[PDB]
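Reading through the structure tokens given below for one structure.
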Amino acid sequence: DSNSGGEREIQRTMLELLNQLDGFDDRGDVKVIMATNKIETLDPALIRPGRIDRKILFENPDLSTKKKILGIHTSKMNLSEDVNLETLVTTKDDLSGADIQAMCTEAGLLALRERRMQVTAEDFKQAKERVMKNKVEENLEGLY
Amino acid sequence: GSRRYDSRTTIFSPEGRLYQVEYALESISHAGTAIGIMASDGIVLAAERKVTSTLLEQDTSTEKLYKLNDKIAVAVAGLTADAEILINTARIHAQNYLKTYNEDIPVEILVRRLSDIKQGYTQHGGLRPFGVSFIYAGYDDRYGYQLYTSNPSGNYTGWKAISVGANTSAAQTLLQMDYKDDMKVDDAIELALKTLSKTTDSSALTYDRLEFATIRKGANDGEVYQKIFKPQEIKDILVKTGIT
Amino acid sequence: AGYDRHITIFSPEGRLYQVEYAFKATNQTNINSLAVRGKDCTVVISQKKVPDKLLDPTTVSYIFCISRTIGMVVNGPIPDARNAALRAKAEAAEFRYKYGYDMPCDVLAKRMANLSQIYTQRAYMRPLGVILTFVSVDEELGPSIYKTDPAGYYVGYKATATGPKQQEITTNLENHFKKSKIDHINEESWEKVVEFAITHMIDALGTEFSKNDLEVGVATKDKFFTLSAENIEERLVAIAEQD
Amino acid sequence: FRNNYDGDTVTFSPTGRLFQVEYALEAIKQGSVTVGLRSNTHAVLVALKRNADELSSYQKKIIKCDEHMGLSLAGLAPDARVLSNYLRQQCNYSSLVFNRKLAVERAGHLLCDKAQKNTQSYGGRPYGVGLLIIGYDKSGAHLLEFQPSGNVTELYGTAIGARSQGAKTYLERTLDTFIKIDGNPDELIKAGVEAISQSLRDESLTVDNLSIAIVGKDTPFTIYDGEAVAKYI
Amino acid sequence: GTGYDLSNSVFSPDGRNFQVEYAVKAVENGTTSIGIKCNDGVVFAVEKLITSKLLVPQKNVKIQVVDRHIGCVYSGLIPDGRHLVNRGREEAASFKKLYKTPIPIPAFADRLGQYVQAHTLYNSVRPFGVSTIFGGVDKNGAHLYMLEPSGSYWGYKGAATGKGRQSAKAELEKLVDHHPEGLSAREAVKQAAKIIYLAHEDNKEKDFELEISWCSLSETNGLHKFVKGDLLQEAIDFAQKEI
Amino acid sequence: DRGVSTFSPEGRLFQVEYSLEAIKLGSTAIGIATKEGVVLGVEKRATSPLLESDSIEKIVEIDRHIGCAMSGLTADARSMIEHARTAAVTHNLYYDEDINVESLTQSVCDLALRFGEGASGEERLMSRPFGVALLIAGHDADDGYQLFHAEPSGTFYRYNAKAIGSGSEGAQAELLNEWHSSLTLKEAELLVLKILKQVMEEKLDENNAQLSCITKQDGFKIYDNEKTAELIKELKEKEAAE
Amino acid sequence: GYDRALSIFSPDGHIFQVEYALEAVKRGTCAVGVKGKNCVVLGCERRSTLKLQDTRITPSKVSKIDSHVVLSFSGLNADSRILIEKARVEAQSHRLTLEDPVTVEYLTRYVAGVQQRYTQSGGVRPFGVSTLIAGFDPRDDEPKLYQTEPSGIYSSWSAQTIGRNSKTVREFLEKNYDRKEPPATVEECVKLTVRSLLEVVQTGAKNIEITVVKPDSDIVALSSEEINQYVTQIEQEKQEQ
Amino acid sequence: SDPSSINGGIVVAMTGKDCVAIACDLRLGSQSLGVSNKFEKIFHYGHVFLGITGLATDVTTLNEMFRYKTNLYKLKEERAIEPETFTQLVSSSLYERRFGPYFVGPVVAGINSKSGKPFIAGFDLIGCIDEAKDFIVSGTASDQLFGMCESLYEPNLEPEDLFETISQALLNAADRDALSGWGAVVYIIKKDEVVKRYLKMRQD
Amino acid sequence: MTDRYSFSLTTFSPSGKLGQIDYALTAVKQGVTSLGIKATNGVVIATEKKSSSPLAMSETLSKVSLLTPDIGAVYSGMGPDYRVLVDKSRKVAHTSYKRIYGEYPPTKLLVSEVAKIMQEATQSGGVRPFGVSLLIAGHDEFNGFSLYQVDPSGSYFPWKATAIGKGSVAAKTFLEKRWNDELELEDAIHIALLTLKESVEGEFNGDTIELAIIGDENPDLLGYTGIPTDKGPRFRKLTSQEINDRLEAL
């Protein structure tokens with residue numbers, strides 16, 4: 001309601017960024033990297049992929065990659081002897097890199113309430129149930 | 001011209017999916033929650049009505065459940081308007097198989113004939129797909145007890161425990177760990193009562209907002225008995241199971 | 001998505017945009033007319049406006065005859081007026097052959113209203129930009145006037161009117177019924193009913209008309225006819241003598 | 001330009017014109033050039049054939065209807081075949097039902113009714129190919145000029161195609177010549193050769209490029225191709 | 001919103017149509033045509049603008065005659081003008097089949113009226129951007145009508161539309177005061193040629209053509225035919241005398 | 001986002017203009033028509049070594065004496081051949097003879113532009129015109145061997161040597177000086193393979209190229225992989241001379 | 001009904017309704033298959049996210065069109081049911097009209113030919129699923145494996161995969177498998193498909209479905225215990241080598 | 001000339017005290033040759049029984065047609081169909097075909113599940129509604145039943161005594177036709193249970 | 001040719017709902033508010049007549065129509081499409097039942113047929129959904145007295161008592177504490193009058209309020225005698241003088 005400028009702000013603001021990669025002269029010291037959730041809603045003419053020859057996509061990691069990501073967050077974390085790294089990765093189903101840290105953060109908050117240096121195995125059981133419920137919502141893809 | 005007002009219902013998106021079908025799946029989350037359970041001796045179906053109050057008529061009504069056959073039940077989760085179109089055509093196609101082959105229709109044939117209707121609007125006709133989902137449960141002497149579900153996209157798969165509607169992934173979490181192959185009919189009722197209580201938006205749980213229609217097998221083998229639980233019998237199982 | 005206002009669909013305000021503009025099309029011609037219910041009959045009057053001398057006064061009329069027992073007056077542009085005129089004559093003929101005896105007034109206003117409701121609901125047809133007003137004398141309820149709106153909503157009126165000045169004309173017909181506490185004119189003769197509606201129209205518009213400036217329809221029991229130039233001018237003679 | 005107002009076939013422009021009619025009209029001006037003329041007892045039709053390669057052949061720009069009449073096309077080739085089927089159908093219709101040959105005057109009205117249906121209704125399109133209708137009947141020789149809108153007007157002679165409007169200069173100064181020439185079909189054919197030569201720029205008239213079809217009273221409609229027109233070059 | 005002028009059925013916020021207004025501008029871009037109504041019959045006249053010398057004189061007939069009793073002249077797009085007569089030709093053939101005796105003038109106006117109305121009610125078709133003037137001698141008296149692109153028409157003592165509509169039709173008002181009692185069919189032919197030259201001031205930049213056709217019961221007796229022989233050349237010298 | 005009947009400002013249909021650009025997006029089909037026969041050839045353009053030589057067939061058979069090749073998208077080609085064989089084999093039943101090559105081309109090309117949305121006057125259901133280019137060849141008892149080209153625009157020309165697809169520009173101009181009216185059947189086989197070898201990514205073999213032939217006696221015949229390999233070995237001797 | 005056209009040529013010469021429909025196959029379950037001299041093996045995976053799915057009541061991912069030939073697709077499951085039903089009716093219609101059992105070559109060109117209609121038919125949309133038809137012709141032991149693309153182009157392949165991670169499996173089948181010397185035994189054809197599923201299924205069992213096609217109308221579907229038997233033998237020779 | 005008399009059939013319905021009894025035979029032949037002795041002309045719709053006599057083509061075809069409408073009627077209301085409503089349903093099904101209709105003798109007998117009053121009805125080849133409080137018979141061999149059921153049947157009979165009354169008016173009339181015989185079945189319709197009994201008669 | 005629009009005007013919004021049926025319910029609150037109350041001895045429904053012109057006749061305007069003699073109906077707002085739905089409902093009710101089963105359909109089966117017409121407008125193209133909300137109330141031999149709420153989206157729900165319209169927020173809440181298990185027909189009328197009176201900001205009389213009640217079978221409303229089976233229709237329309245008798249009764 002407030003900052004809406006109509007359809008005139010649409011053409012002036014977007015095409016201003018395109019001219020910075022075209023009309024604006026540079027010796028090659030200026031780099032422009034754009035990232036977002038969905039780039040399809042944006043005007044494809046703004047990209048002009050003669051300036052940007054690199055396109056990087058992203059997918060969900062496999063069971064082998066999640067074992068390395070889990071060891072990163074648990075490197076500085078104190079874990080008990082009954083906690084297995086490969087067991088937590090096996091329980092991971094359709095999760096991204098942020099969902100792995102979400103379980104490591106939730107498991108730390110459970111041990112923080114009881115003030116435990118080494119996180120026990122009971123905290124990871126309640127952490128994976130809260131992430132898959134609220135933080136992880138079923139996508140609208142729905143096929144298969 | 002008619003090309004400008006057309007919203008292009010069925011078109012392939014750059015992501016490779018359909019716009020109207022992707023948005024129709026969200027409408028299921030805005031409707032009641034229907035959770036089916038397939039036990040060893042029968043099939044237990046659960047449902048919860050949306051927008052209920054004291055002025056509602058609890059005497060005879062079923063919003064989320066219907067009966068398409070003597071041996072086959074159905075669970076309706078989605079828009080009620082688009083549901084009656086597929087339900088009326090369901091009993092027509094079910095009796096046509098009984099009128100010709102003179103035998104009870106299984107669930108696998110009944111669902112695939114109804115799914116082709118939903119698959120038709122997603123291809124031709126230039127219309128919107130049905131925004132209602134169904135759960136088909138029936139008895140058969142071929143594969144035994146069969147529990148299937150549908151989607152606005154027109155696909156059906158086998159499910160031992162299925163959950164649709166609001167909080168889909170929240171209910172399936174408790175159903176996966178608590179499911180057992182030896183679970184009987186009585187133990188399957190307690191699984192649905194504990195699931196619908198924690199996944200709702202209210203504090204307590206009454207018998208006016210729930211619907212349960214199971215499939216029981218009597219002493220005579222080969223024929224089951226379709227029994228829809230009346231509100232008098234729904235409040236009785238809540239006390240025996242400790243839900244209250 | 002600016003095409004929501006160009007057709008008939010549910011608006012975010014809960015209204016219909018194309019229906020609101022259908023009532024505005026009747027004020028393009030700016031033709032004021034009214035209809036009152038007499039005792040044993042019904043007399044309708046209309047303002048006859050001829051822009052150019054090349055027009056034949058006998059050919060130009062805003063009052064059309066659907067059947068012998070039913071008259072009609074329509075406000076707004078003539079092309080949408082005569083479009084529903086031939087559609088109303090077809091419904092009156094189908095009712096005589098198939099259904100039974102001659103059609104009464106309420107049935108003709110109801111069938112033409114339901115016909116416009118189908119055109120309003122369906123998005124590929126535009127609604128009529130005119131207003132259908134039917135006058136006749138029924139053999140049961142007696143004199144009755146039914147004014148069909150372009151939105152497809154018909155309702156009975158005691159003394160109706162039309163045009164942009166209708167709200168100023170309605171006040172004249174309303175204040176007369178409040179003092180006498182009567183729902184119809186008690187004059188039995190149809191000649192006094194003609195001069196009755198003309199008197200209230202002149203004082204409301206503040207303009208003295210002529211024989212070619214007005215067209216007065218007269219609907220009696222099982223008969224309908226349109227007054228000629230000599231019959232309309234004869235009514236204006238006794239008005240100036242009495243008042 | 002492109003699509004603003006009349007991009008939909010049922011929309012009228014604020015200037016009182018139709019761009020769809022103008023779009024299909026420009027297709028004739030950018031197409032193959034052709035000329036034509038007629039006399040009292042005879043009518044001459046001259047057309048030029050082009051192609052995209054020297055090794056390629058030349059598609060015939062003259063379609064035969066019956067022995068007493070013919071036509072020519074300047075525009076999209078397959079669009080003229082559909083209109084030619086409707087014209088030949090009326091020739092056999094009047095021959096079977098009325099036992100008469102289709103008149104040139106009545107052929108233009110029946111051809112106009114085919115194009116007006118696509119322009120006044122959505123989903124169709126006007127044919128962007130021109131048709132010069134030649135023929136002979138008991139009244140005399142008649143020539144017509146077809147437009148994408150369907151306008152039909154009888155003329156002594158005209159030209160439709162690339163640089164065809166500029167070639168009308170020779171037809172205007174000679175307008176008083178060929179109309180009084182009767183019984184001399186050779187001179188009437190050579191009159192159309194000098195008219196189309198005014199529009200020649202890159203390539204001139206050759207054996208395969210020149211296509212001449214003459215129709216008359218004692219001489220029926222005959223398409224002269226190959227070396228038949230080599231003597232009239 | 002935006003795009004109210006795009007399609008047909010979309011109404012304007014004031015209750016009018018843009019496509020109907022755009023079709024009126026197409027009428028003034030064509031060749032003008034006039035008409036004269038008398039007691040015995042009506043007289044049709046049209047000025048055909050000649051482009052170049054390639055046109056063959058007097059071999060082109062713009063007026064398309066319906067049966068023997070109805071002539072039709074149009075000013076506007078030529079393709080849209082021929083479709084109206086072709087539609088009216090089938091209506092006259094369908095009428096004479098069931099209804100025996102030929103269709104009168106005021107009856108034939110309703111067939112072209114409703115047919116144009118259907119084109120304004122659909123988004124898949126466009127209205128006719130041509131104004132057709134038709135008339136003749138009916139069973140009782142005579143009548144003359146001018147069909148507008150909007151479908152609005154009435155009885156006209158005279159009808160003129162085209163590039164000279166502001167001129168030629170303005171001279172029709174002097175014809176009423178010249179012969180208020182009546183005008184003969186023979187004199188109306190010479191008066192029709194003068195009106196063409198009075199509006200020729202805007203047509204002087206090109207070459208013109210005079211085509212006059214009349215029908216009445218005095219001479220032709222219900223036969224609509226063009227003027228030929230010395231009668232056409234006599235009206236030219238009388239009209240050019242005042243020029 | 002418009003109708004298929006909408007005209008471009010140049011006076012053409014958008015469906016017609018964009019259909020011609022789809023020809024270069026596919027394979028390259030080259031053929032030469034001589035007095036002793038018509039030598040046609042195509043390129044399979046295998047993207048993987050596991051593709052079978054019998055998989056993609058770009059040269060079909062309408063009649064024993066009449067044959068054609070395809071290039072570009074082959075989805076629209078299979079539909080046209082079904083109608084091409086319909087307008088041919090059924091025409092044999094009517095007149096008890098063989099249909100003319102030029103007459104068969106007209107019946108096939110007329111099915112291109114009949115598309116539309118709600119076509120008045122009759123029932124025509126098509127979404128888009130055919131985006132495939134077909135080279136129609138054959139032989140008769142009057143005009144002789146002829147090679148036509150079926151365009152998506154509904155027009156056709158008789159080409160002595162025609163190269164469509166990706167070779168419609170560079171490979172097309174090379175056939176101007178290499179063609180002669182006295183070219184025989186044997187010399188035309190080595191001339192086509194000489195052009196196909198230079199326009200192909202890898203070396204020329206029987207798996208990546210398939211050629212056919214149309215004669216008066218034998219009619220339509222497809223060269224065997226062993227027969228094609230013999231012509232390729234003879235081509236290497238012609239490449240190295242002086 | 002709906003007469004408005006959908007597929008429209010892009011200014012580049014392609015079609016939006018085609019290329020955008022091919023992305024639905026790449027987002028679906030990968031379907032890989034190979035053919036030997038005496039046998040043909042078609043592997044297929046399932047969705048590993050969803051659980052509690054009974055294998056018996058769930059329809060098989062490999063649809064059997066005829067006794068001697070089956071169909072294993074990858075893509076939209078909504079558009080696949082239309083192709084499976086119409087291919088089986090034509091299989092009986094071909095036996096009714098010509099009194100001949102269908103052939104794998106005729107079945108592929110029919111399914112691909114029907115897809116060419118919907119692309120050319122105004123008012124309908126192309127199929128977003130790609131089918132793989134493999135079987136044996138009557139009185140013929142020669143293996144027949146044909147690919148059916150959503151665009152309508154069909155071709156024969158010795159070893160070909162479709163779906164997600166297709167380019168990864170295609171590069172594995174070129175170097176490991178040779179078309180000149182195919183395996184003449186059934187056991188070697190089954191182990192070859194399992195090796196291609198190790199880089200996609202990623203350590204799973206119940207999500208793998210392998211269908212064995214044999215001549216003389218012989219079809220043997222490997223159970224859950226039979227599939228894991230070949231997986232164990234390959235894993236022992238994988239890490240150790 | 002008479003396709004409905006080729007196979008033949010018998011049907012009879014009486015009324016007791018809150019009880020009705022419908023009966024038929026087991027004989028279904030073809031022309032003069034008997035085929036199946038195990039055939040039954042009565043289908044179970046629930047507490048409302050409907051017998052059908054006539055051409056065997058129309059019998060086997062309509063048995064699937066009536067159950068098509070009753071299943072749609074029962075599943076919507078979640079209750080059994082009443083004989084008074086089911087009567088007017090049969091008349092609309094047979095009248096749907098005018099020049100092509102089905103030739104059948106159907107006679108319906110049932111008891112209301114609410115009011116508890118016995119109701120019987122019958123039809124004809126065209127499906128005309130026939131309602132009577134004593135007995136209604138139809139078919140080719142019904143002609144013998146009009147004389148048997150008029151004298152023997154009396155109003156207000158006990159349910160048990162009704163079986164002996166309908167049996168004497170059935171087996172005696174079954175022997176007077178060539179197409180009737182090969183045993184007979186009698187259905188006793190009551191409010192609690194339905195007794196199904198077979199009759200032992202001659203075989204010819 | 002005819003119409004070139006074959007697509008449905010109702011599409012799925014990105015929020016997960018249908019934009020047409022969402023604004024259809026809003027249009028129901030843009031007009032006069034109706035109501036109804038179900039009791040043990042009958043069903044009492046009421047509405048208000050809002051005259052656009054002071055000279056209009058309220059007798060010719062009937063906001064409560066009759067589908068079957070035992071079942072009434074009432075709408076909210078002006079009801080532009082109400083006349084279309086009732087004309088199509090009376091045809092499908094007699095054709096599918098009176099012309100097949102020979103008897104009128106019950107209350108539960110009739111509301112399913114009324115919603116069957118409205119559910120097709122939200123799917124089949126060329127038309128728009130119905131912006132009206134009706135109330136199906138009647139009596140049968142099994143379900144007894146029942147009142148169903150017809151939503152403009154095409155779905156129906158049973159309700160003891162409800163009020164939909166401009167005052168639907170306050171009127172529906174007031175009926176919760178005013179309803180119980182044991183009620184009579186005349187006792188339920190006073191419940192409707194106390195709630196409707198607070199919602200009327202204009203003239204309050206019997207001519208502007210149409211009160212329709214469903215009682216027992218009335219032999220006077222039948223029209224023939226001698227048949228004990230049919231005792232007459234249960235639905236009855238109260239006159240102008242009978243409504244004013246209960247207005248001052250409060």
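Ligands are numbered from 1 in the order shown, chains are lettered A, B, ... in the order of the structure tokens, and residues start at 1 in each chain.
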Selection: 10 Å around range 229-233 of chain D, only C-alpha atoms, excl. self and same-chain fewer than 6 positions, as a VMD selection string: chain D and resid 186 to 187 189 to 194 205 to 213 223
Residue 57 in chain A surroundings by only C-alpha atoms, 12 Å radius, close-in-sequence under 4 positions cut, as a PyMOL selection string: chain A and resi 35-39
Neighbour list for range 89-94 of chain I as a list in words, cut-off 8 Å, only C-alpha atoms, skip fewer than 4 positions in-chain: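 In the requested form, the answer reads residues 67, 68, 85, 98, 99, 104, 105, 110, 113, 114 and 117 of chain I.
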Exercise answer, chain B residues close to chain H, 7 Å and only C-alpha atoms, as an MDAnalysis selection string: chainID B and resid 67 95 99
10 Å contact set for residue 150 in chain C, only C-alpha atoms, chain neighbours under 2 positions out, as a list in words: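 Listing them by chain and then by number gives residues 19, 20, 22, 23, 26, 112, 113, 116, 117, 120, 127, 128, 129, 130, 131, 132, 147, 148, 152, 153 and 154 of chain C.
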Give me a file of those residues, with N, CA, C and O atoms, as a compact mmCIF listing (two decimals), in the first residue's frame.
# COMPACT_ATOMS: atom_id res chain seq x y z
N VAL C 19 -22.82 -4.33 -14.88
CA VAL C 19 -24.23 -4.09 -14.59
C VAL C 19 -24.46 -2.65 -14.16
O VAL C 19 -25.49 -2.05 -14.49
N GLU C 20 -23.50 -2.06 -13.45
CA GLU C 20 -23.63 -0.66 -13.05
C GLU C 20 -23.67 0.27 -14.26
O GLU C 20 -24.37 1.29 -14.23
N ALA C 22 -24.88 -0.60 -17.18
CA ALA C 22 -26.07 -0.87 -17.98
C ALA C 22 -27.17 0.13 -17.68
O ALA C 22 -27.91 0.54 -18.58
N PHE C 23 -27.31 0.53 -16.41
CA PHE C 23 -28.30 1.54 -16.05
C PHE C 23 -27.92 2.91 -16.59
O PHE C 23 -28.80 3.73 -16.86
N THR C 26 -29.23 4.10 -20.29
CA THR C 26 -30.58 4.58 -20.54
C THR C 26 -30.67 6.10 -20.52
O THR C 26 -31.65 6.66 -21.04
N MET C 112 -39.03 -12.09 -19.92
CA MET C 112 -38.00 -11.21 -20.47
C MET C 112 -36.93 -10.89 -19.43
O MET C 112 -35.77 -10.64 -19.79
N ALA C 113 -37.29 -10.89 -18.15
CA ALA C 113 -36.29 -10.68 -17.10
C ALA C 113 -35.39 -11.90 -16.96
O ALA C 113 -34.16 -11.76 -16.85
N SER C 116 -32.83 -12.00 -19.70
CA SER C 116 -31.69 -11.11 -19.49
C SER C 116 -30.77 -11.61 -18.38
O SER C 116 -29.58 -11.29 -18.38
N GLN C 117 -31.30 -12.38 -17.43
CA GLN C 117 -30.47 -12.93 -16.37
C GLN C 117 -29.48 -13.95 -16.92
O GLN C 117 -28.34 -14.05 -16.44
N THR C 120 -26.80 -11.98 -18.54
CA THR C 120 -25.95 -11.31 -17.56
C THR C 120 -24.97 -12.28 -16.91
O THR C 120 -23.80 -11.94 -16.71
N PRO C 127 -25.17 -7.35 -21.36
CA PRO C 127 -26.55 -7.06 -20.96
C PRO C 127 -27.14 -5.92 -21.78
O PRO C 127 -26.43 -5.09 -22.35
N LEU C 128 -28.47 -5.89 -21.83
CA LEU C 128 -29.16 -4.85 -22.58
C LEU C 128 -29.00 -3.51 -21.89
O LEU C 128 -29.06 -3.40 -20.66
N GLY C 129 -28.78 -2.47 -22.69
CA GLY C 129 -28.58 -1.13 -22.15
C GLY C 129 -29.87 -0.34 -22.04
O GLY C 129 -29.84 0.90 -21.97
N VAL C 130 -31.00 -1.03 -22.03
CA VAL C 130 -32.30 -0.38 -21.94
C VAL C 130 -33.08 -0.93 -20.76
O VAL C 130 -32.60 -1.81 -20.04
N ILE C 131 -34.30 -0.43 -20.56
CA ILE C 131 -35.17 -0.86 -19.48
C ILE C 131 -36.53 -1.20 -20.07
O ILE C 131 -37.13 -0.37 -20.77
N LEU C 132 -37.02 -2.40 -19.79
CA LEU C 132 -38.30 -2.86 -20.31
C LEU C 132 -39.41 -2.51 -19.31
O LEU C 132 -39.33 -2.88 -18.14
N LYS C 147 -41.96 -3.14 -14.34
CA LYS C 147 -40.80 -2.53 -14.96
C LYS C 147 -39.61 -3.46 -14.82
O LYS C 147 -39.15 -3.72 -13.70
N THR C 148 -39.13 -3.98 -15.95
CA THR C 148 -38.02 -4.93 -15.96
C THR C 148 -36.70 -4.19 -16.05
O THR C 148 -36.47 -3.44 -17.01
N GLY C 152 -32.05 -7.87 -14.83
CA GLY C 152 -32.89 -9.05 -14.72
C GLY C 152 -33.71 -9.13 -13.45
O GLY C 152 -34.06 -10.24 -13.03
N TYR C 153 -34.03 -8.00 -12.84
CA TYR C 153 -34.83 -7.95 -11.62
C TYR C 153 -36.12 -7.20 -11.90
O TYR C 153 -36.10 -6.00 -12.19
N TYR C 154 -37.24 -7.91 -11.83
CA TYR C 154 -38.56 -7.34 -12.09
C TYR C 154 -39.31 -7.17 -10.77
O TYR C 154 -39.25 -8.04 -9.90
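Across F:169, F:22, F:137, F:79, the tightest approach to residue 117 in chain G is made by F:79 when counting only C-alpha atoms.
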Top pick for closest residue to chain D, considering F:14, F:159, F:223, F:148 and counting only C-alpha atoms: F:159
